[PDB]
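In what follows, a single structure is set out as structure tokens and then discussed.
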Amino acid sequence: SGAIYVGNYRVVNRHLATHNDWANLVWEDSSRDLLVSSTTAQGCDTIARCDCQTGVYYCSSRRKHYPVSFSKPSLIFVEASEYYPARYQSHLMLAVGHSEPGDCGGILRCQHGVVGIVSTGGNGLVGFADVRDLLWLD
Ligand SMILES: NC(=O)[C@H]1CCCN(C(=O)[C@H]2SCCc3sccc32)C1
Ligand SMILES: [Zn+2]
């Protein structure tokens, strides 16, 4: 679990969005596994606007942060799950690092701010949904 809080927006994994997220919907994209809802309170986070390919992510299944080198956002095949059919997920970045189901929502950050959130993984890989191109979040 986890979310980004920036301005009057809350960014979450679309597959973990709540009834309240959907009732306050701003934008969603199944191909990216992202949903953004509106909030009444002002956020705590800053979004990176950069081309970093290294950073640090939070891994809830280890209660720890890990450094990672990650690929540029791209179209990657993701196997079927209970949440989605087999499909290509866009704007996804892969890295070698531990992840297991429950770690989705963990934040990836570089020196500039928040880069994205955990969205996929398995077998020593971790995938992050990029948010740096969503300029309107600011
Ligand atoms: N973006 C998606 O389509 C997700 C939806 C939830 C399931 N999923 C995962 O990758 C899970 S099952 C494999 C082990 C791990 S490790 C962190 C997540 C997962 C794909
Ligand atoms: Zn950066």
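The numbers used for chain A are those of Swiss-Prot, and the residues that appear cover 869-1006, in sequence.
Yeah, the Cβs are placed from backbone N, Cα and C, and that goes for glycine too.
The following features are taken from Swiss-Prot:
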ACT_SITE  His883  active site, for protease 2A activity
ACT_SITE  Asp901  active site, for protease 2A activity
ACT_SITE  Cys972  active site, for protease 2A activity
BINDING   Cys918, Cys920, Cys978, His980  Zn(2+) 1 binding site
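Annotated features, which come from Swiss-Prot, shown on the structure.
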residue : record                                : DSSP class
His883  : active site, for protease 2A activity : helix
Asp901  : active site, for protease 2A activity : coil
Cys918  : Zn(2+) 1 binding site                 : coil
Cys972  : active site, for protease 2A activity : coil
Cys978  : Zn(2+) 1 binding site                 : strand
Distance-selected recorded positions near ligand 1 (C-beta under 6 Å), from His883, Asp901, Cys918, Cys978, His980: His883, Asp901
Residues close to Zn(2+) 1 site centre defined by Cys918, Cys920, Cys978, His980, Cβ within 8 Å: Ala916, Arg917, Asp919, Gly923, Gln979, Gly981, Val983, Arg1000
Among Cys918, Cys920, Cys972, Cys978, which are recorded positions, the residue with the most C-beta atoms within 10 angstroms of its C-beta: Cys972
Those recorded positions, out of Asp901, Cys918, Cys920, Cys978, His980, that come within 10 angstroms of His883 (active site, for protease 2A activity) at the Cα: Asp901
Recorded positions close to ligand 2 - of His883, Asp901, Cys920, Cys972, only those whose C-beta is under 6 Å away: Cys920
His883 (active site, for protease 2A activity), number of other Cβ atoms within 10 Å: 15
Sequence-distant neighbours of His980 (Zn(2+) 1 binding site) in its chain (C-beta under 8 A, six or more apart): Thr914, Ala916, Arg917, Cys918, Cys920
